[PDB]
Amino acid sequence: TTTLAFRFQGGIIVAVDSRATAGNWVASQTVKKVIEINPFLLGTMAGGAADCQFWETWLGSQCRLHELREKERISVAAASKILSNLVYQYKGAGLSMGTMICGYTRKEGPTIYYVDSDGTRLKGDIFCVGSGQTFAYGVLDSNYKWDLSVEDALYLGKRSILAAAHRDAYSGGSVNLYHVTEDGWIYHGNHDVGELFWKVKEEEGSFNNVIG
Amino acid sequence: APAX
Amino acid sequence: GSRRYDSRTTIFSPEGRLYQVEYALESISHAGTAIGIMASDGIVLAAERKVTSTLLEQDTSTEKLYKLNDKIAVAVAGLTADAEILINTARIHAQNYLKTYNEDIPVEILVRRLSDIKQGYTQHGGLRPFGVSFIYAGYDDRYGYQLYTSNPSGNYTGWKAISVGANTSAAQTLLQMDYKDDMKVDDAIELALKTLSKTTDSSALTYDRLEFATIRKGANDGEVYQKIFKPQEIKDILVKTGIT
Amino acid sequence: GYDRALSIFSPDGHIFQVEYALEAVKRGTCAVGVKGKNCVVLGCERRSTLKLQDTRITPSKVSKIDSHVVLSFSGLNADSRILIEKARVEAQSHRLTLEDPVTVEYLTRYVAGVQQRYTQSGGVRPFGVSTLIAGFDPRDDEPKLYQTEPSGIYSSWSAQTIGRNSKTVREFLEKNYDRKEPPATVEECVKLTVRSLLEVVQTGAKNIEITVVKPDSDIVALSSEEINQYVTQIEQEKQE
Amino acid sequence: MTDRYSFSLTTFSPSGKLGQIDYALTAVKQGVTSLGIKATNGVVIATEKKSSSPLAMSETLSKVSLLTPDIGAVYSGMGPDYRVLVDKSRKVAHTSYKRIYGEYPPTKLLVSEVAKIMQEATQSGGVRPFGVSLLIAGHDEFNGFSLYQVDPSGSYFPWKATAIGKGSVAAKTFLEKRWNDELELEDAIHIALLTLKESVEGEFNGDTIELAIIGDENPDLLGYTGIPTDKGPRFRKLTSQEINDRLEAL
Amino acid sequence: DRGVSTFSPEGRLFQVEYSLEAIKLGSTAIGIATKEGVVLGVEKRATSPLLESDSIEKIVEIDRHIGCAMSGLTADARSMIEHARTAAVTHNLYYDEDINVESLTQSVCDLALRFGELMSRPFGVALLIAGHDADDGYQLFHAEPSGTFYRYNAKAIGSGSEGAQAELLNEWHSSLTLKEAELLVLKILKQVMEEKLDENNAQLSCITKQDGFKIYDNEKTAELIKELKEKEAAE
Amino acid sequence: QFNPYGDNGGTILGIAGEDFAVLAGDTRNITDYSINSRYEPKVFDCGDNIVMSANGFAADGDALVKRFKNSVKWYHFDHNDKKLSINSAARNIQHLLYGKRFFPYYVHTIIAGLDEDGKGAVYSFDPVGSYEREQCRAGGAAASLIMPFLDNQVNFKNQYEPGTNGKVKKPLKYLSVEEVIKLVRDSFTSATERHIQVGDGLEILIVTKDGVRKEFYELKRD
Amino acid sequence: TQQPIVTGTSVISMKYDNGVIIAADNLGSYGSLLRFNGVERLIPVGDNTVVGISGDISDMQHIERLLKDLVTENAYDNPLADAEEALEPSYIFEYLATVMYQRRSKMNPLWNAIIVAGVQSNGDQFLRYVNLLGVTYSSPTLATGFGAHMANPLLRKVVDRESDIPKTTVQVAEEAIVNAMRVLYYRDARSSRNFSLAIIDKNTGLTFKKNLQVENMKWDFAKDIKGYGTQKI
Amino acid sequence: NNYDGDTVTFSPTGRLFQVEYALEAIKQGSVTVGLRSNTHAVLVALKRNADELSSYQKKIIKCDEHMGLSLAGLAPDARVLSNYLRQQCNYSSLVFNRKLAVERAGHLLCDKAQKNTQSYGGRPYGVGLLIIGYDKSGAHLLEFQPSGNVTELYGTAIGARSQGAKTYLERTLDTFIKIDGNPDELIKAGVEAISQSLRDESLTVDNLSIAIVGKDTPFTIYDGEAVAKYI
Ligand SMILES: [Mg+2]
Ligand SMILES: [Mg+2]
């Protein structure tokens, strides 16, 4: 996997690939690694496919119960801490998760929490997570500015996943893109690397290592 | 179990 | 089933009283009077024994005054056996605190936990309450000298001077009359004994029908000493204040 | 375990053990809560058949549950300690998991839930306590005042009183409290609270406690003279 | 099935009495007289072996029991209740003391443990109080000789001398006349034998009287030699013969 | 005394029958089922004018497609609601769908007789459970502490119930619009209520397939109240 | 040391059309280099127009299928005879599998039927309950041989429009049931040629709005 | 977590036109020691089922007791116990299969491979296998251990598919089974010469033959084999 | 009187009054009828409503493909007992691959009910059940009472005024017992039996409830327009 999420001027960008592997066997190229918890909350998946999928849809149920009981949408901090306190109970049992809980609330503003299965929970503006995280970081970090336009931010996120999809053998398939604002999350499409790579190579003039 |  | 024989020890009367607590208090009202008086430089505990026989071994005896730790003691009015159960609990609780924090337990904290135990017997479990009221006398470096009482309800309150057991009505009136804030320990010793002397149901107060303790700073410099009086020491303090 | 169903229904549909717990509240010393425009005030009667009391160490009647919420009560004193401890633990646990202190409504709902649980569990009697819970939600300046009772029902009050002669002082507040214009300041609100207590209390001597709670964890207990001043000032406006 | 009696059977009445403790004391009142006297170099405890049938062999029924090598007990009230208390008392001397400190408990502390057991029968669910009062005579290095009375409530008191049961009121009066702080153990045995005749109806000999002492160490009763710091049990039951020897010089 | 689980000679459970008396003392709650939605309305019954009436919560969301109104010992309903919400959300987790209204109601009703010498007494509160699902459409259920539940086209519970039920008997027909049903709940409430009905001492709610369960604000309810007087005056 | 798992071989394959879906599997059952049976079915009609196969360790496969069939039974009992939709079955099966996360069912699970709009659906699961809907999935021993063939022939991967300079992809389109059965039969004969654990027989369950039909074909027995 | 001690080798079986045959030798081995020789490894249940067991004998004896208790339990409050509510082979199998899989799931298996052979009440032949892992399967021929390797290929020459069953008489099928038992005695180092055989026929019922022996063995050619390559005398 | 405080107390004439009071809730229950031939078994139940705005309480519950029951009395108690039956039928399938004998279902219910008539704190079940099914020995009808007594019958009825139907079935026996291979005729006879227990009311379309099980019919329930055929 490769997943990222970064904060900027215009909210949060979330971008992920769609590959699942069992060793070198490519098991799927069409995994939905972003889970839509509520209209203002997103979770990203990396690590064990089942672990991530199961506990992150379980997380959605817990967030729903919060708002029934408290007549109010759950904070990103509280939602992320439910997941991190859950996995911490299982510490040592061999759960494998690297997740980011991404969302907006009025009390918090746009917020990202990195949560993994060792029980680490970190608030931050930029994270990349998965086997391809370093590749994504390399592109993302060297073009990141707080002031990126929504247009540029979306592309950088998309381009960073592409970078990782290309170099990391265990990332690929397609890029899924989200933008999160004060009004909630907005989906910005599924982008097959099959066509996206060649489109980016041509239009951007990058990827000269590759036989054109 | 496959991974991501 | 067995429901037939259940007295229901933890219910309310139609007036909203706890029968068993009330009846336990009634039991305590026939117990030997115990008095606590708090001075600026120490505390007195004085208590009257339930009417002696001449053949009772009076020096190796303890019925009223118990040591909880080095800085805290209690005076008992009620069932002795019930009180010992609670006393060992309190002693252990003091040691847990010391072990945990490396500091002697603050007096109130000890008093609260004992009172919380009593409270439990009035709300759940279907058991009879403990037929005991305590006067707690102790020192800690937050509040200094403190007197408290607890009773079978598990309610506790703090005092400058207080009595428990028999004739507390007469005793409380007398303490109220003669007590004053700037009092020294040796004055409080006298007040305690004079109060028992007048409220006693016996003909006259003698050394062999008493237990007595002080908690002073009267060791050496900024540290505290418990003195549980020997019989001969009470006999002397009874002469020294002219009751015999 | 001791199992007996002590709180049960009677033929008329009443739960006598809950209703008798209310009688224990009725016998308790009076407590009143009044919320201003920007503060909440908690006033408590202390029965004056007691001198030789040590007030330094005697359990005060208003308890901080967290640094922004206070709870007072009328009824059995020993019972109230149990509810306060549970409430205090929950306050810390809420901070630990939600990373936010409790709302006053949440904390009230919790205490209320505990009280209700004790009305349909075997081997236990209900709490002989009703509570007034007051404070300000985190990052909020709108004052909150709630009341709970042995049955478990809870609700919000512009002002409310519980304990003995509470009907006399509820009577007072009902004609003296304007929903439209709540005591616009601390000074104003403390006064109305003391007035209502003077309907029932005796001397305003060592008989009245007042605790004021303002927003952002600003809680302070008034001491004798500060209260005494209020008492003095009302009787001097009384001869008219 | 199982014990659904988890509530107290002893509760306060409106006057404040605990009925079952009072009634247990009444059962002790009915009981045969027993007594204890404390001398300067010993303690004596004695009672009447009032037999149920003369076909019964009353040596097989011991009313005076060894608890530790330096502690003994006698009772008045219900015999079966006493028997299980002795069983429990012996065991608690080991589990809560000897197995911890490698030595036997001092008298007051063993007494304290028995009292705890009896207090629990006064408050725990589904039980009645014990229908007995005990007299426990004992010796330990730092307290010397001591005598305690334990009642159904769990209360205990130290005595110079006392008596319990049937003719206790009379016997306590007798003991006030005779007791002084200079009694040598033989004098205490003698007084105990005089006091006990007042309350015994029928035969009065070493086969109807049970009597034990806490006195000197008995190396001959130890069972082994070679550890010079182990000197033997201070508890000794007087034989049928030993008692009759003291009844001729009565 | 006598066991909590005892039968009367008529073959009824004393404790269940006595809890039904407690429910008669409760404030009135009314529900009406239409083909356009289900309305739920209740009498708030503030015990004193100082008590802030919006804090009285006798209508409650269970899930987006299910709502609840209560009458009787309302504190007893907290755990029933909690169970209902968990049951609904859990079902969606296990099956990726909305839980049926009847299944929800049956789940809540399973709690009811779990008392004895489990809880110490039956619940002292009746529930009106209203929702929508794709199979059986709009539904209204009356859930009692006996563990029994009945589907209704319309139903009243609480003190004013026998009067209000007779009224609902006359007024309900299979073609009521939602707006007709809202007015009708308001009308029947004003009839059986002690004090004079206004937007502060009564509350309305509905559940529609399209927008799910909504509690009406006081501004919206006040206008339906005004619309109701003008309908009655005008003939 | 006792090893609680075994491997019974075989392979399965699910394809979904516009108004139908198929779930096929070979009927051979093996351990090591021995044949246990040449006809032991592992694709099952589970009711409510759902077919299911759980291929790998047969004992685990049978246990799971049994549990799901039972789950369908109770779904009727508890929810007024309501039809269990394929999406709801899938989610239920995730919980069945993940419930044994720390002692897994060693199976690759596939279910097939119709979604709520009457369109053909195939869902596949990893051994601990990760799942996903697809047009297409092979599972079990020969999965790695068959799956890339299906990417090419069902989803037209790496196939372009002739003379468009590799710029216009072959356009996606649903297959007829006749075409799908051809791909299934060829998939299995190819798999039989090159995988020793695949052979003997092929059983196909086809699911349409009129129910579940079966077709059987002989496969090479070596 | 177990290891088998006293063990039984192959159990072999097949369907024929009217019923099923099943056989197994009477040996209980103890490693390479052929320790016990009078061991019956075919256990009949009613008059319609035989359960043949290989693997750990202590676990086999446990299973015997379960089956004999099952018969008892089925008779309880059952007036049709010897008629419509008699135990079927499919009931007995599923019960065993359930137990085997539960025991493997508790990491404490019954160290056996089991073949349940019989005839259902409607006359259908029942032949199904289950082992320590709870793995189950049906085939016209079934065998365990070396039997799977050496008997199956021989028995499948007779019944190679479903349609071959009607064409197979009980004489033909018993011949194949008895021949297969000889081969196993030639080639399995933990087989014995003595064995039992049972036929469950839908007409004649259960025939249980004890104390069979492998006969007509070819050993004569052994005399012509000298040395291991170049040696002559 | 002094002996009806709980189930664990016998009266001086050897009666169990709590069990008898449980039996009484059955008597207040709406009527339901069971009857069978050799090929099928039928349940008919009169459903009762709260008022004209309410549903008509279901009285028939499916237990398996070959078994099910009707209830009279406390409905939650039928839910508990029917759920137990579902499990027992289920256990028989998963473990033995065997459809549970209706007779065993009977014995299992008897033993479940009995436990609640001998132990303190519990209470007897307050519902009567009529169990029908088709198994390896044909069609069956059982009558369950919460005393624990279960009885196999050709036909019967329980609830208020069930004595009308039970008399009718007693005369009709020789006829209905031999309605083989004809579902609709057996049902007709059942509907007529229940009609002998009606007073001031007759069978409407959302009032009648029928179930049938037999040789080649899974236990199925008919309500609403599906029963109009029979009125
Ligand atoms: Mg790659
Ligand atoms: Mg092959």
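Reading the values: rules and limits
- The numbering shown runs from 1 along each chain in the order of its written sequence and may not match that of the entry; residues for which no coordinates exist are omitted.
- Here every chain gets a letter starting at A, and every ligand a number starting at 1, in the order they are written.
- The structure shown is incomplete relative to its larger assembly, and all values pertain to the part shown.
- Side-chain figures throughout are based on the complete set of non-hydrogen atoms in the structure, without hydrogens or water.
- Residues with missing side-chain atoms are left out of burial classes, side-chain pairs and their counts.
- Numbering goes from the N terminus for both helices and strands, where a helix is a DSSP run of H or I of at least four residues and a strand is a run of E of at least two.
- With a 1.4 Å probe rolled over the protein chains alone, any residue whose accessible area is under 20% of its type maximum counts as buried; one over 50% counts as exposed, and the rest are partly exposed.
- The contact criterion used is simple: two residues touch if any of their non-hydrogen atoms lie within 4.5 Å.
- Using a 1.4 Å probe, the Shrake-Rupley method yields the accessible areas, and only the shown protein chains count as cover for residues.
- UniProt positions are given in the numbering used here, feature names are shortened, and annotations may be inferred rather than shown by experiment.
- Whenever two N or O atoms come within 3.5 Å, that pair is a polar contact, provided that in protein one can donate a hydrogen and the other can accept it, and provided that, for residues adjacent in sequence, both atoms are side-chain atoms.
- Note on pairing: two strands pair once DSSP finds at least 2 bridges between them.
- Coordination partners: N, O, S within 2.8 Å of the metal, 3.2 Å for Na, K and Ca; water not considered, so apparent gaps in a site are possible.
- What goes into a patch is any residue over 30% in relative accessible area without a salt bridge, connected to like charges within 9 Å or, for nonpolar side chains (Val, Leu, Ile, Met, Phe, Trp, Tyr), within 5 Å.
- When a carboxyl oxygen of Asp or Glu lies within 4 Å of a side-chain nitrogen of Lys or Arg, that pair is called a salt bridge.
- Expected helix span is taken as 1.5 Å per residue step, with the number of steps being one fewer than the number of residues.
- Charge assignment: positive for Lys and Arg, negative for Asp and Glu; neither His nor the chain ends contribute.
- A charged residue contributes its charge at one atom only: NZ of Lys, CZ of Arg, CG of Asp or CD of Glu.
- The aromatic pairing rule takes the rings of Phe, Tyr and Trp, using the six-membered ring of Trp, and pairs them if the centres are within 6.5 Å, calling planes under 30 degrees apart stacked, those over 60 edge-to-face and the rest tilted.
- Values labelled buried area give the accessible surface lost by two parts on being combined, using a 1.4 Å probe and summing over both.
- Residues are grouped as follows: nonpolar covers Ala, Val, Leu, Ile, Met, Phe, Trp, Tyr, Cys and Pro; charged covers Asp, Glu, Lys and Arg; every other residue, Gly included, is treated as polar.
- The angle between two axes is taken between their N-to-C directions and runs from 0 to 180 degrees, where each axis is a line fitted to C-alpha atoms and a helix contributes only its stretch in contact.
- Here, nonpolar core refers to any group of buried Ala, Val, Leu, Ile, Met, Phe, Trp, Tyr and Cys residues whose side-chain atoms link them within 4.5 Å.

Method of structure determination, per the deposited record: X-ray crystallography was used for this entry, reaching 2.50 Å resolution.

*Asks:* How should the overall build of chain A be read in this particular structure?
*Replies:* A tally of regular secondary structure across chain A gives 5 helices and 12 strands. Taken over the C-alpha atoms alone, chain A extends approximately 60 × 40 × 25 Å along its principal axes. Within the span of chain A, comprising 212 residues, buried residues form 59% of the whole. Put simply, 60% of the contacts in chain A that link residues at least 6 apart link residues at least 24 apart. Accessible surface for chain A amounts to roughly 8,800 Å². Of this, 50% is attributable to carbon and sulfur atoms.

*Asks:* What is the right way to read the UniProt feature "active site" in chain A from this model?
*Replies:* Residues and elements named next belong to chain A. The sites that carry the UniProt feature "active site" are, in the present numbering, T1. Mapped onto the secondary structure, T1 falls in the segment before β1 (3-8). Side-chain polar atoms of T1 contact the side chain of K33, separated by 2.9 Å.

*Asks:* I keep staring at the UniProt feature "binding site: bortezomib" in chain A and nothing clicks. Help me out?
*Replies:* The UniProt record marks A49(A) with the feature "binding site: bortezomib", using the residue numbering of this structure. If near-sequence neighbours (up to four positions away) are discounted, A49(A) is found in contact with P2(B), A3(B), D126(G) and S130(G).

*Asks:* Can you walk me through the pairing of strand β5 (residues 34-38) of chain A in this structure?
*Replies:* Residues and elements named next belong to chain A. With respect to burial, β5 is a largely interior element, 4 of its 5 residues being buried. Where β5 lies against strand β6 (residues 41-44), 4 bridges are found, and the strand directions are antiparallel. Within β6, the position partnered with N38 by the bridge is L41. Where β5 hands over to β6, the hairpin turn is made up of 2 residues, counted between the paired strands.

*Asks:* Even after reading the chapter, I still don't get the coordination of the magnesium ion (ligand 2), so can you show me in this structure?
*Replies:* For a metal with four tetrahedral donors the ideal donor-metal-donor angle is 109.5 degrees, while six octahedral donors give ideal angles of 90 or 180 degrees. All names here are of chain G. Protein coordination at the magnesium ion (ligand 2) comes from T192 (O), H195 (O) and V198 (O), with a distance range of 2.5 to 2.6 Å. Mapping the donors of the magnesium ion (ligand 2) onto the primary sequence yields the spacing T-x2-H-x2-V. By relative accessible area, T192 is classed as buried at 7%. Residue classification places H195 among the buried residues on the basis of a relative accessible area of 17%.

*Asks:* When you look at a nonpolar patch on the surface in this model, what are you seeing that I'm missing?
*Replies:* Taken together, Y5(C), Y5(E) and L9(E) make up a surface patch of nonpolar side chains, about 280 Å² in accessible area. Relative to the helices and strands, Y5(E) resides in the segment before α1 (19-30).

*Asks:* Got a minute to help me understand helix α3 (residues 102-115) of chain I in this structure?
*Replies:* Owing to its 3.6 residues per turn, the α-helix brings residues three or four apart onto one side. Residues and elements named next belong to chain I. Under the 1.5 Å per step criterion, the end-to-end length of α3 is 21 Å for 14 residues, consistent within 8% with the ideal 20 Å. Restricting attention to buried positions, one finds in α3 the residues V102, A105, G106, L108, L109 and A113. Where the residues of α3 are buried, they touch β4 (67-73), α2 (75-96), β5 (127-135), β6 (138-144) and β7 (150-152).

*Asks:* Can you walk me through the environment of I221(I) in this structure?
*Replies:* Residues and elements named next belong to chain I. Of note, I221 is situated in strand β10 (residues 217-222). Assessed through its relative accessible area of 35%, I221 is described here as partly exposed. Sequence separation between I221 and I210 is 11 residues, and the spatial gap between their C-alpha atoms is 5.9 Å. In contact with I221, other than residues within four places in its own chain, are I60, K62, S209, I210 and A211.

*Asks:* Help me understand a negative patch on the surface, please; the structure alone is not making it clear to me.
*Replies:* Residues and elements named next belong to chain F. Among the surface-exposed residues, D217, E219, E223, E227 and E230 lie close enough to one another that they form a single negatively charged patch. With respect to the helices, strands and loops of the structure, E219 is situated in helix α6 (residues 218-233). With a relative accessible area of 60%, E219 lands in the exposed category.

*Asks:* Can you help me understand the pairing of strand β4 (residues 25-28) of chain A in this one?
*Replies:* The side chains of a regular strand alternate, residue by residue, between the two faces of the sheet. All names here are of chain A. Relative to β4, strand β3 (residues 20-22) runs antiparallel, the two being bridged by 3 bridges. Bridge assignment links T21 to a residue of β4, and that residue is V26. Remark: 2 residues form the turn of the hairpin made by β3 and β4, two consecutive strands paired antiparallel; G23 in that turn has positive phi of roughly 70 degrees.

*Asks:* What is the right way to read the packing of aromatic side chains from this model?
*Replies:* For any pair of aromatic rings, the description consists of the separation of the ring centres together with the inter-plane angle of the planes. Residue and element names in this part refer to chain A. The final tally for this structure, using the stated rule, is 44 aromatic pairs over all chains. Ring geometry for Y178 against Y187: centres 5.0 Å apart, planes inclined by 45 degrees, an arrangement best described as tilted. A residue is classified by how much of its surface remains accessible, and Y178, at 0% relative accessible area, is buried. Judged by its relative accessible area of 38%, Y187 is partly exposed.

*Asks:* Teacher, can you tell me more about the arrangement of the chains here?
*Replies:* Of all 18 pairs of chains in contact, the one with the most contacts involves chains C and D. Nothing in chain B touches chain E; the tightest C-alpha to C-alpha distance between them is still 50 Å. The smallest C-alpha distance separating chain B from chain I is 29 Å, and no contact links them.

*Asks:* Can you help me understand the interface of chain D and chain C in this one?
*Replies:* Accessible area lost during the coming together of the parts is what is often quoted as the interface size. The interface is formed by 31 residues belonging to chain D together with 40 residues belonging to chain C. Approximately 2,900 Å² of surface area, both sides summed, lies buried where chain D meets chain C, with 56% of it carried by carbon and sulfur atoms. Applying the counting criterion to the chain D and chain C interface returns 2 salt bridges. A salt bridge links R4(D) to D6(C), with the shortest nitrogen-to-oxygen separation between them at 3.5 Å. Counting every contact that joins chain D to chain C gives 15 residue pairs in polar contact. Of all elements in the fold, only α1 (16-27) and α2 (77-98) of chain D reach the threshold of two or more residues within the side of chain D that touches chain C. If you tally residues by element for the side of chain D that touches chain C, the top one is α1(D), at 6 residues. The residue makeup of the side of chain D that touches chain C, split by class, is 16 nonpolar, 6 polar and 9 charged.

*Asks:* What's the story with the sheet that holds strand β3 (residues 65-68) of chain E in this structure? I'm lost.
*Replies:* Hydrogen bonds between backbone atoms are what pair the strands of a sheet, whose relative direction is either parallel or antiparallel. All names here are of chain E. Strand order in this open sheet of 5 strands is β3-β4-β5-β6-β7, and the pairing throughout is antiparallel. What marks the edges here is a single partner per strand, and that holds for β3 and β7 (156-158). Within the sheet, the average angular offset between the axes of one strand and its neighbour, ignoring direction, is 25 degrees. Relative to the sheet, helix α3 (residues 107-120) contacts β3, β4 (71-77), β5 (132-140), β6 (144-150) and β7, its axis offset from that of β5 by approximately 160 degrees.

*Asks:* Quick question: what am I supposed to make of the nonpolar core here?
*Replies:* A general trend in soluble globular proteins is that nonpolar side chains are found buried together. In this structure, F68(G) and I111(G) are the most contacted members of the largest nonpolar core, which totals 49 residues. In terms of residue count, the dominant contributor to this core is helix α1 (residues 58-78) of chain G (7 residues). Apart from the residues lying within four places of it in its own chain, the contact partners of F68(G) are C46(G), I50(G), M52(G), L84(G), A89(G), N92(G), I93(G) and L96(G). The next biggest cluster of nonpolar side chains, apart from the first, holds 46 residues, and it includes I28(C), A47(C), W159(C) and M183(C).

*Asks:* What is the right way to read the coordination of the magnesium ion (ligand 1) from this model?
*Replies:* The protein atoms that coordinate the magnesium ion (ligand 1) are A165(A) (O), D168(A) (O) and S171(A) (O), at distances of 2.1 to 2.4 Å. Along the chain, the residues donating to the magnesium ion (ligand 1) are arranged with the sequence spacing A-x2-D-x2-S.

*Asks:* When you look at the sheet that holds strand β13 (residues 205-213) of chain H in this model, what are you seeing that I'm missing?
*Replies:* All names here are of chain H. Overall, antiparallel pairing links the 5 strands, which are arranged β11-β2-β3-β12-β13 in an open sheet. With one partner strand each, in any of the chains shown, β11 (141-143) and β13 form the two edges of the open sheet. Across the sheet, the axes of successive neighbouring strands diverge by a mean angle of 15 degrees, strand direction being ignored. Where strand β3 (residues 19-25) lies against strand β12 (residues 194-201), 7 bridges are found, and the strand directions are antiparallel.

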